[PDB]
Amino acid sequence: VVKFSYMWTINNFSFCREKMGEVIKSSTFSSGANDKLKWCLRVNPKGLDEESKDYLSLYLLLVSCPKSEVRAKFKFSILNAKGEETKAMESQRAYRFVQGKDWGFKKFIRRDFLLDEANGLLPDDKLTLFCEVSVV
């Protein structure tokens, strides 16, 4: 099992112009180890489709060309203003990735819950995501 974690911040989140189905992309990161597989995270600030229009969507994508099908479990969390993990969603098992394949959660968090300052999920209008992946 190859375990790797990535912390990424989206600045000025309440200012994001992406309409439904449009994507904010993280930097490309790496699972290190043997194969140096490359990955990215993709965020739909206003959902992926009309079914998810009230939600932020979050997906893990395999960027590089693997030598074979990759199986990975993943967990996505939001880091709150105090720095603690909250609002986690995790895959119940490993999912199968090829180059260009994404897996994630179309309904990761409700937008209005996310934007409410009383919930402490956007300190200084920054959304910090914490992605943990185990390639099995």
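One-based numbering along the sequence shown.
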item	value
Higher-scoring stretch by recorded Cα B factor average, 38-46 or 80-88	80-88
Higher-B stretch (mean Cα B-factor, as the entry records it), 116-124 or 5-13	116-124
Options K75, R93, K106, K53 - largest CA temperature factor per the record	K53
Third of the chain's Cα B-factor distribution that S57 belongs to, per the entry	middle
Assigned third (lowest, middle, highest) for the C-alpha B factor of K67	highest
Assigned third (lowest, middle, highest) for the C-alpha B factor of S27	middle
